[PDB]
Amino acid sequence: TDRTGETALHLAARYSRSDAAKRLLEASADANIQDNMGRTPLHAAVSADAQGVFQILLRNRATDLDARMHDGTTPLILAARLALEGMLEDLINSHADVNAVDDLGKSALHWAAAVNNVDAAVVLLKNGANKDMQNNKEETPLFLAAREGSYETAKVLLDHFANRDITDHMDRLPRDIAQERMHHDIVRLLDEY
């Protein structure tokens, strides 16, 4: 390790060093070691769009697909926030916990909604993601979609019959938060279901 706390395996991932990764893993290098922010080589691979090391890390049994950063972030959440649909999907197929949440209670679906990542919202829903999940502030993915103006994802959530009546800690509906933020397209949209 060094100054960022990264291991040779972390570096292999950040700089798409495929051969280096295998060699390290074959010598029993720990694939779940945390850097200064708690990221494991898998987080690194996801964060750098390093397809080679990524796949290698997934094929590696010992790898913890639900590894958590110091704020609770998982590779899946990371994948949904960065708009990396291939990785998101491979993680899901390799059985990552679709319903896991970070330190705020946000699942990957919550984040897909916030950043209007329609594609991940569908794959996640297709694979068990709880559509009405509330984070620690009692916000549901749809509430987030409404708040951020994520019309396209909001529609997916609504087409999946997501509950429009679940309010946040301030007892506000997706429709309310979308109104106080001038996302009129969403208000209309909400009134359509």
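Residue numbers run from 1 along the displayed sequence.
**Q** Averaging CA B factors per stretch from the PDB record, which one is higher: 104-112 or 90-98?
**A** It is 90-98 that shows the higher mean C-alpha B-factor.
**Q** If you average the CA temperature factors as listed in the entry, which stretch comes out higher, 81-89 or 116-124?
**A** That would be 81-89.
**Q** Based on what the PDB entry reports, which of 166, 67, 154, 31 has the top C-alpha B-factor?
**A** It is 31.
**Q** Please place residue 27 in the lowest, middle or highest third of its chain by C-alpha B factor as given in the entry.
**A** Top third by C-alpha B-factor.
**Q** Relative to the other modelled residues of the same chain, rank the CA B-factor of residue 147 and answer lowest, middle or highest third.
**A** Highest third, going by the recorded CA B-factors of the chain.
**Q** What third of the chain does residue 56 rank in for C-alpha temperature factor, lowest, middle or highest?
**A** Residue 56: CA B-factor falls in the middle third of its chain.
**Q** Sort the modelled residues of this chain by their C-alpha B factor and say whether residue 158 lands in the lowest, middle or highest third.
**A** Its C-alpha B-factor belongs to the lowest third of this chain's values.
**Q** Would you please rank residue 132 by its C-alpha temperature factor against the other modelled residues of its chain and give the third it falls in: lowest, middle or highest?
**A** Its C-alpha B-factor, which the entry lists for residue 132, ranks in the lowest third among residues of this chain.
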